[PDB]
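*Asks:* The structure under discussion is supplied below as structure tokens; questions concerning it will follow.
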Amino acid sequence: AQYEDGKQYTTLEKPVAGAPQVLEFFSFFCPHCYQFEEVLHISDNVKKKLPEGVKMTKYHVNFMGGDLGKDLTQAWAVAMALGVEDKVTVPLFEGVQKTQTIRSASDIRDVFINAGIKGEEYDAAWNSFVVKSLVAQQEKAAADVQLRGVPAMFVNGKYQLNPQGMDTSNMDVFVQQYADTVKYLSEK
């Protein structure tokens with residue numbers, strides 16, 4: 001076949017019922033995740049090829065960067081609750097991996113303040129129980145699928161993208177192959 005289990009995707013022998021349709025995992029400490037966001041715009045190009053009415057979910061993970069890693073998962077929860085993912089994703093990536101000016105919870109907060117979210121609003125979000133269960137959702141989803149690596153995308157809780165098995169000579173061709181794979185998996 002043109003798409004084969006173990007080539008552009010692997011199959012979870014333990015499928016995850018009730019999973020989000022297109023589920024993506026990342027870490028602000030993850031160097032391929034940086035590329036996926038800044039250079040490749042994976043999430044966006046995937047969306048552009050998905051049938052519409054499909055929900056796209058993206059979660060942060062704890063297993064990179066120790067204490068800060070966890071802070072970042074709570075911060076991403078704050079971003080999702082406030083709907084400000086598109087405003088903080090890039091300065092969080094660059095603050096962690098490019099400029100190294102993110103070293104504490106307080107530096108993460110600065111990014112949100114500079115992106116124009118208000119102090120009182122961030123801190124209430126940060127400390128709110130809605131954020132707590134959003135943190136719980138992120139951990140549970142990662143836990144459900146045996147996650148030890150990022151970036152990672154899962155389709156319908158049964159299929160996992162396999163980017164090592166695609167061409168990387170050309171960045172644009174890579175993305176398009178990636179997105180077409182998701183679209184195929186979507187229709188399966």
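Please note that chains go A, B, ... in the order of the structure tokens, that every chain numbers its residues from 1, and that ligands are numbered from 1 in the order shown.
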Show me, as a PyMOL selection string, the residues that have an atom within 12 Å of segment 51-54 of chain A when counting only C-alpha atoms, minus same-chain residues fewer than 6 positions from it.
*Replies:* chain A and resi 20-23+155-156+179-180+182-187
*Asks:* Could you dump the residues just selected with N, CA, C and O atoms as a PDB file, in the first residue's frame?
*Replies:*
ATOM      1  N   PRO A  20      -9.833  12.659  21.618  1.00  0.00           N
ATOM      2  CA  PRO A  20     -10.017  13.722  20.627  1.00  0.00           C
ATOM      3  C   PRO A  20      -9.578  13.252  19.245  1.00  0.00           C
ATOM      4  O   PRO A  20      -8.740  12.349  19.129  1.00  0.00           O
ATOM      5  N   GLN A  21     -10.145  13.860  18.211  1.00  0.00           N
ATOM      6  CA  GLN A  21      -9.966  13.395  16.849  1.00  0.00           C
ATOM      7  C   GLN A  21      -8.509  13.541  16.405  1.00  0.00           C
ATOM      8  O   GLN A  21      -7.838  12.559  16.073  1.00  0.00           O
ATOM      9  N   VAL A  22      -8.010  14.768  16.447  1.00  0.00           N
ATOM     10  CA  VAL A  22      -6.609  15.017  16.188  1.00  0.00           C
ATOM     11  C   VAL A  22      -5.963  15.585  17.446  1.00  0.00           C
ATOM     12  O   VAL A  22      -6.193  16.749  17.809  1.00  0.00           O
ATOM     13  N   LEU A  23      -5.120  14.771  18.074  1.00  0.00           N
ATOM     14  CA  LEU A  23      -4.506  15.100  19.351  1.00  0.00           C
ATOM     15  C   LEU A  23      -2.996  15.249  19.281  1.00  0.00           C
ATOM     16  O   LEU A  23      -2.288  14.300  18.980  1.00  0.00           O
ATOM     17  N   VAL A 155      -4.302  10.170  16.015  1.00  0.00           N
ATOM     18  CA  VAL A 155      -5.569  10.362  15.314  1.00  0.00           C
ATOM     19  C   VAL A 155      -6.646   9.398  15.802  1.00  0.00           C
ATOM     20  O   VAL A 155      -6.479   8.181  15.704  1.00  0.00           O
ATOM     21  N   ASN A 156      -7.734   9.956  16.334  1.00  0.00           N
ATOM     22  CA  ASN A 156      -8.869   9.183  16.822  1.00  0.00           C
ATOM     23  C   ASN A 156      -8.485   8.164  17.885  1.00  0.00           C
ATOM     24  O   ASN A 156      -9.097   7.105  18.009  1.00  0.00           O
ATOM     25  N   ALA A 179       0.715  16.099   6.624  1.00  0.00           N
ATOM     26  CA  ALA A 179      -0.659  16.517   6.759  1.00  0.00           C
ATOM     27  C   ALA A 179      -1.539  15.526   5.983  1.00  0.00           C
ATOM     28  O   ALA A 179      -2.601  15.128   6.459  1.00  0.00           O
ATOM     29  N   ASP A 180      -1.081  15.117   4.801  1.00  0.00           N
ATOM     30  CA  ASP A 180      -1.800  14.119   4.027  1.00  0.00           C
ATOM     31  C   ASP A 180      -1.932  12.827   4.790  1.00  0.00           C
ATOM     32  O   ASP A 180      -2.929  12.116   4.648  1.00  0.00           O
ATOM     33  N   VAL A 182      -2.166  12.522   8.091  1.00  0.00           N
ATOM     34  CA  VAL A 182      -3.207  12.767   9.070  1.00  0.00           C
ATOM     35  C   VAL A 182      -4.569  12.703   8.385  1.00  0.00           C
ATOM     36  O   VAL A 182      -5.527  12.199   8.960  1.00  0.00           O
ATOM     37  N   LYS A 183      -4.669  13.226   7.163  1.00  0.00           N
ATOM     38  CA  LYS A 183      -5.979  13.302   6.491  1.00  0.00           C
ATOM     39  C   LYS A 183      -6.426  11.884   6.145  1.00  0.00           C
ATOM     40  O   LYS A 183      -7.556  11.502   6.398  1.00  0.00           O
ATOM     41  N   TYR A 184      -5.504  11.092   5.624  1.00  0.00           N
ATOM     42  CA  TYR A 184      -5.750   9.665   5.395  1.00  0.00           C
ATOM     43  C   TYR A 184      -6.183   8.925   6.660  1.00  0.00           C
ATOM     44  O   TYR A 184      -7.172   8.190   6.656  1.00  0.00           O
ATOM     45  N   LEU A 185      -5.460   9.143   7.755  1.00  0.00           N
ATOM     46  CA  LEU A 185      -5.777   8.500   9.027  1.00  0.00           C
ATOM     47  C   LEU A 185      -7.140   8.953   9.528  1.00  0.00           C
ATOM     48  O   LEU A 185      -7.902   8.190  10.108  1.00  0.00           O
ATOM     49  N   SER A 186      -7.437  10.215   9.279  1.00  0.00           N
ATOM     50  CA  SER A 186      -8.718  10.791   9.619  1.00  0.00           C
ATOM     51  C   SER A 186      -9.902  10.069   8.963  1.00  0.00           C
ATOM     52  O   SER A 186     -10.952   9.896   9.567  1.00  0.00           O
ATOM     53  N   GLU A 187      -9.698   9.621   7.731  1.00  0.00           N
ATOM     54  CA  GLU A 187     -10.759   9.055   6.900  1.00  0.00           C
ATOM     55  C   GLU A 187     -10.858   7.553   7.066  1.00  0.00           C
ATOM     56  O   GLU A 187     -11.744   6.901   6.506  1.00  0.00           O
TER      57      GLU A 187
END
*Asks:* Find the residues around residue 44 of chain A up to 12 Å (only C-alpha atoms counted), leave out those fewer than 5 positions away in its own chain, and share them as a PyMOL selection string.
*Replies:* chain A and resi 24+36-39+49-50+56-58+86+175-176+178-179
*Asks:* Take the residues from that selection and write them out as an mmCIF file, in the first residue's frame, keeping C-alpha atoms.
*Replies:*
data_model
loop_
_atom_site.group_PDB
_atom_site.id
_atom_site.type_symbol
_atom_site.label_atom_id
_atom_site.label_comp_id
_atom_site.auth_asym_id
_atom_site.auth_seq_id
_atom_site.Cartn_x
_atom_site.Cartn_y
_atom_site.Cartn_z
ATOM 1 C CA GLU A 24 -1.073 16.680 19.494
ATOM 2 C CA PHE A 36 7.172 22.067 14.180
ATOM 3 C CA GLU A 37 5.821 25.362 15.375
ATOM 4 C CA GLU A 38 8.166 28.059 14.008
ATOM 5 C CA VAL A 39 9.563 26.559 10.799
ATOM 6 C CA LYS A 49 -6.286 19.689 5.061
ATOM 7 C CA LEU A 50 -8.664 18.296 7.624
ATOM 8 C CA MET A 56 -7.863 19.815 16.869
ATOM 9 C CA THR A 57 -6.388 19.412 20.361
ATOM 10 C CA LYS A 58 -2.859 20.308 21.534
ATOM 11 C CA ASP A 86 -1.686 32.010 19.451
ATOM 12 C CA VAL A 175 4.828 18.917 6.042
ATOM 13 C CA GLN A 176 2.516 18.045 3.145
ATOM 14 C CA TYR A 178 2.639 14.743 7.243
ATOM 15 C CA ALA A 179 -0.659 16.517 6.759
#
*Asks:* With only C-alpha atoms as the counted atoms, please give the residues lying no more than 10 Å from segment 88-98 of chain A, apart from itself and same-chain residues fewer than 3 positions off, as a PyMOL selection string.
*Replies:* chain A and resi 27-31+33-35+37-38+65+68+72+75-76+79+84-85+101-103+107-117
*Asks:* Okay, now the selection with N, CA, C and O atoms, as a tab-separated table (two decimals), in the first residue's frame?
*Replies:*
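New file out-v4.tsv:
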chain	number	residue	atom	x	y	z
A	27	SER	N	6.32	19.92	23.93
A	27	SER	CA	6.96	20.53	25.08
A	27	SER	C	7.74	21.74	24.61
A	27	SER	O	8.34	21.71	23.54
A	28	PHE	N	7.72	22.82	25.39
A	28	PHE	CA	8.49	24.02	25.09
A	28	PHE	C	9.98	23.76	25.23
A	28	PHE	O	10.80	24.55	24.76
A	29	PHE	N	10.33	22.63	25.84
A	29	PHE	CA	11.72	22.18	25.92
A	29	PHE	C	12.12	21.31	24.71
A	29	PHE	O	13.28	20.98	24.53
A	30	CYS	N	11.14	20.95	23.89
A	30	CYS	CA	11.32	19.99	22.80
A	30	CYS	C	11.87	20.65	21.54
A	30	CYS	O	11.20	21.48	20.93
A	31	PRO	N	13.09	20.30	21.13
A	31	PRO	CA	13.64	21.00	19.97
A	31	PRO	C	12.94	20.69	18.66
A	31	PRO	O	12.89	21.58	17.84
A	33	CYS	N	9.84	20.24	18.51
A	33	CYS	CA	8.55	20.90	18.66
A	33	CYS	C	8.69	22.35	18.23
A	33	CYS	O	7.80	22.93	17.61
A	34	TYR	N	9.84	22.93	18.54
A	34	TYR	CA	10.18	24.29	18.10
A	34	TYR	C	10.11	24.40	16.57
A	34	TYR	O	9.49	25.29	16.01
A	35	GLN	N	10.80	23.49	15.91
A	35	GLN	CA	10.77	23.42	14.46
A	35	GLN	C	9.33	23.26	13.95
A	35	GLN	O	8.92	23.97	13.03
A	37	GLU	N	6.63	24.18	15.18
A	37	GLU	CA	5.82	25.36	15.38
A	37	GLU	C	6.29	26.53	14.51
A	37	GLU	O	5.52	27.06	13.70
A	38	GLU	N	7.57	26.88	14.64
A	38	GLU	CA	8.17	28.06	14.01
A	38	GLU	C	8.45	27.88	12.52
A	38	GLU	O	8.15	28.76	11.71
A	65	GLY	N	12.22	18.99	31.24
A	65	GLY	CA	12.53	20.23	31.94
A	65	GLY	C	12.13	20.28	33.40
A	65	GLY	O	12.04	21.36	33.97
A	68	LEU	N	10.27	23.28	35.80
A	68	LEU	CA	9.79	24.26	34.83
A	68	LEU	C	8.86	23.62	33.83
A	68	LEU	O	7.92	24.24	33.35
A	72	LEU	N	5.21	24.88	32.89
A	72	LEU	CA	4.81	25.16	31.52
A	72	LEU	C	3.48	24.45	31.20
A	72	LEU	O	2.62	25.00	30.51
A	75	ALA	N	0.96	26.57	32.75
A	75	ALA	CA	0.86	27.76	31.86
A	75	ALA	C	0.14	27.52	30.58
A	75	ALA	O	-0.52	28.42	30.05
A	76	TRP	N	0.34	26.34	29.98
A	76	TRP	CA	-0.38	26.03	28.78
A	76	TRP	C	-1.88	25.87	29.12
A	76	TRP	O	-2.74	26.28	28.36
A	79	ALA	N	-3.15	29.21	29.13
A	79	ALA	CA	-3.32	29.66	27.75
A	79	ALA	C	-4.63	29.11	27.14
A	79	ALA	O	-5.38	29.86	26.53
A	84	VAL	N	-5.50	32.02	24.61
A	84	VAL	CA	-4.41	32.85	24.10
A	84	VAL	C	-3.24	32.06	23.57
A	84	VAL	O	-2.11	32.57	23.55
A	85	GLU	N	-3.50	30.83	23.14
A	85	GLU	CA	-2.47	29.98	22.55
A	85	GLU	C	-1.69	30.69	21.46
A	85	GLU	O	-0.46	30.59	21.40
A	101	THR	N	15.59	33.15	28.63
A	101	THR	CA	15.19	34.12	29.61
A	101	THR	C	14.03	33.56	30.40
A	101	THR	O	13.45	34.25	31.23
A	102	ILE	N	13.64	32.30	30.13
A	102	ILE	CA	12.62	31.67	30.96
A	102	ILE	C	13.21	30.63	31.90
A	102	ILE	O	13.62	29.55	31.50
A	103	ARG	N	13.25	30.99	33.18
A	103	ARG	CA	13.93	30.19	34.17
A	103	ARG	C	13.08	29.92	35.38
A	103	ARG	O	13.47	29.16	36.26
A	107	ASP	N	9.09	34.12	35.10
A	107	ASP	CA	9.47	34.49	33.74
A	107	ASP	C	8.41	34.02	32.75
A	107	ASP	O	8.15	34.68	31.74
A	108	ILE	N	7.75	32.90	33.04
A	108	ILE	CA	6.68	32.44	32.16
A	108	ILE	C	5.55	33.46	32.18
A	108	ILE	O	5.00	33.84	31.14
A	109	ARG	N	5.20	33.88	33.39
A	109	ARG	CA	4.19	34.91	33.59
A	109	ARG	C	4.52	36.18	32.77
A	109	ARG	O	3.61	36.79	32.17
A	110	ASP	N	5.80	36.57	32.72
A	110	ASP	CA	6.18	37.82	32.03
A	110	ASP	C	5.76	37.79	30.56
A	110	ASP	O	5.30	38.79	29.99
A	111	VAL	N	5.93	36.61	29.96
A	111	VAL	CA	5.52	36.40	28.58
A	111	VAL	C	4.04	36.70	28.37
A	111	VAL	O	3.67	37.36	27.40
A	112	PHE	N	3.19	36.21	29.26
A	112	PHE	CA	1.77	36.49	29.18
A	112	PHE	C	1.46	37.99	29.39
A	112	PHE	O	0.57	38.56	28.73
A	113	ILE	N	2.14	38.61	30.35
A	113	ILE	CA	1.96	40.05	30.59
A	113	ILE	C	2.36	40.84	29.34
A	113	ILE	O	1.63	41.72	28.90
A	114	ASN	N	3.51	40.53	28.78
A	114	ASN	CA	3.98	41.20	27.58
A	114	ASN	C	3.05	40.93	26.39
A	114	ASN	O	2.85	41.80	25.54
A	115	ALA	N	2.41	39.75	26.37
A	115	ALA	CA	1.46	39.45	25.29
A	115	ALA	C	0.15	40.16	25.56
A	115	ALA	O	-0.76	40.10	24.75
A	116	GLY	N	0.07	40.85	26.70
A	116	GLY	CA	-1.09	41.70	26.97
A	116	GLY	C	-2.22	41.15	27.83
A	116	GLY	O	-3.23	41.83	28.03
A	117	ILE	N	-2.06	39.91	28.30
A	117	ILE	CA	-2.95	39.34	29.31
A	117	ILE	C	-2.71	40.05	30.63
A	117	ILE	O	-1.57	40.25	31.00
*Asks:* Which is closer to residue 59 of chain A than all the others in A:78, A:147, A:142, A:173, using only C-alpha atoms?
*Replies:* A:142
*Asks:* As a ChimeraX atom specification, please: every residue in segment 7-176 of chain A that DSSP puts in strand (DSSP E or B).
*Replies:* /A:9-11,22-26,56-60,152-155,159-161
*Asks:* Would you please give, as a ChimeraX atom specification, all residues of segment 70-186 of chain A that DSSP assigns to alpha helix (DSSP H) based on the backbone?
*Replies:* /A:70-82,85-93,105-114,119-127,129-144,171-186
*Asks:* I want to know what sits within 10 Å of residue 3 of chain A, based on only C-alpha atoms, with residues of the same chain fewer than 2 positions away left out; could you give that as a PyMOL selection string?
*Replies:* chain A and resi 1+5-9+181+184-185
*Asks:* Using C-alpha atoms, can you export the residues from the last selection as a CSV table (one decimal), in the first residue's frame?
*Replies:*
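Saved result, out-v1.csv, follows:
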chain,number,residue,atom,x,y,z
A,1,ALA,CA,0.0,0.0,0.0
A,5,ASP,CA,1.3,0.6,9.4
A,6,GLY,CA,4.8,1.1,10.7
A,7,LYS,CA,5.8,3.4,7.8
A,8,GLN,CA,4.1,6.8,8.1
A,9,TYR,CA,2.2,5.8,11.2
A,181,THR,CA,-1.0,11.3,6.4
A,184,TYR,CA,-5.7,9.7,5.4
A,185,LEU,CA,-5.8,8.5,9.0
*Asks:* How far is it from atom CA of residue 26 of chain A to atom CA of residue 139 of chain A, in Å with one decimal?
*Replies:*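 About the pair atom CA of residue 26 of chain A and atom CA of residue 139 of chain A: they are 12.0 Å apart.
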*Asks:* For residue 145 of chain A, find every residue with an atom within 10 Å (counting only C-alpha atoms), except residues of its own chain fewer than 3 positions away, and show them as a PDB file with N, CA, C and O atoms, in the first residue's frame.
*Replies:*
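What landed in part-v9.pdb:
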ATOM      1  N   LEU A  12      -1.741   1.900  17.653  1.00  0.00           N
ATOM      2  CA  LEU A  12      -1.705   1.587  19.065  1.00  0.00           C
ATOM      3  C   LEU A  12      -2.444   0.274  19.223  1.00  0.00           C
ATOM      4  O   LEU A  12      -3.618   0.180  18.854  1.00  0.00           O
ATOM      5  N   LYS A  14      -3.132  -0.881  22.056  1.00  0.00           N
ATOM      6  CA  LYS A  14      -4.185  -0.468  22.969  1.00  0.00           C
ATOM      7  C   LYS A  14      -4.813   0.879  22.599  1.00  0.00           C
ATOM      8  O   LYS A  14      -4.333   1.929  23.035  1.00  0.00           O
ATOM      9  N   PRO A  15      -5.861   0.855  21.753  1.00  0.00           N
ATOM     10  CA  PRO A  15      -6.572   2.057  21.301  1.00  0.00           C
ATOM     11  C   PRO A  15      -7.175   2.813  22.464  1.00  0.00           C
ATOM     12  O   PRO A  15      -7.444   2.196  23.496  1.00  0.00           O
ATOM     13  N   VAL A  16      -7.412   4.112  22.298  1.00  0.00           N
ATOM     14  CA  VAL A  16      -7.936   4.936  23.379  1.00  0.00           C
ATOM     15  C   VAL A  16      -9.320   5.495  23.031  1.00  0.00           C
ATOM     16  O   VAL A  16      -9.449   6.493  22.315  1.00  0.00           O
ATOM     17  N   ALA A  19     -11.223   9.431  22.647  1.00  0.00           N
ATOM     18  CA  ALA A  19     -10.120  10.366  22.422  1.00  0.00           C
ATOM     19  C   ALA A  19     -10.522  11.515  21.499  1.00  0.00           C
ATOM     20  O   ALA A  19     -11.476  11.391  20.731  1.00  0.00           O
ATOM     21  N   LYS A 140      -3.673  13.191  31.779  1.00  0.00           N
ATOM     22  CA  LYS A 140      -4.433  11.973  31.514  1.00  0.00           C
ATOM     23  C   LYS A 140      -4.286  11.526  30.054  1.00  0.00           C
ATOM     24  O   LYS A 140      -4.020  10.356  29.785  1.00  0.00           O
ATOM     25  N   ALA A 141      -4.440  12.464  29.121  1.00  0.00           N
ATOM     26  CA  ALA A 141      -4.304  12.149  27.710  1.00  0.00           C
ATOM     27  C   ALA A 141      -2.925  11.599  27.393  1.00  0.00           C
ATOM     28  O   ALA A 141      -2.804  10.633  26.641  1.00  0.00           O
ATOM     29  N   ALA A 142      -1.884  12.166  27.998  1.00  0.00           N
ATOM     30  CA  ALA A 142      -0.531  11.690  27.744  1.00  0.00           C
ATOM     31  C   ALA A 142      -0.405  10.291  28.339  1.00  0.00           C
ATOM     32  O   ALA A 142       0.193   9.387  27.741  1.00  0.00           O
ATOM     33  N   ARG A 148       6.183   8.932  25.724  1.00  0.00           N
ATOM     34  CA  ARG A 148       7.556   9.150  26.202  1.00  0.00           C
ATOM     35  C   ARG A 148       8.296   9.983  25.167  1.00  0.00           C
ATOM     36  O   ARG A 148       9.491  10.276  25.313  1.00  0.00           O
ATOM     37  N   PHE A 154      -1.737  11.986  17.531  1.00  0.00           N
ATOM     38  CA  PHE A 154      -2.545  10.770  17.546  1.00  0.00           C
ATOM     39  C   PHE A 154      -3.842  11.091  16.862  1.00  0.00           C
ATOM     40  O   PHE A 154      -4.396  12.189  17.066  1.00  0.00           O
ATOM     41  N   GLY A 157      -7.421   8.462  18.606  1.00  0.00           N
ATOM     42  CA  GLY A 157      -6.953   7.583  19.650  1.00  0.00           C
ATOM     43  C   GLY A 157      -6.530   6.215  19.183  1.00  0.00           C
ATOM     44  O   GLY A 157      -6.415   5.302  19.994  1.00  0.00           O
ATOM     45  N   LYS A 158      -6.309   6.042  17.886  1.00  0.00           N
ATOM     46  CA  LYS A 158      -5.868   4.736  17.431  1.00  0.00           C
ATOM     47  C   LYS A 158      -4.565   4.774  16.623  1.00  0.00           C
ATOM     48  O   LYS A 158      -3.789   3.813  16.655  1.00  0.00           O
ATOM     49  N   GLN A 160      -0.859   6.747  15.405  1.00  0.00           N
ATOM     50  CA  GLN A 160       0.184   7.665  15.828  1.00  0.00           C
ATOM     51  C   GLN A 160       1.109   7.966  14.649  1.00  0.00           C
ATOM     52  O   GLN A 160       1.646   7.055  14.018  1.00  0.00           O
TER      53      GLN A 160
END
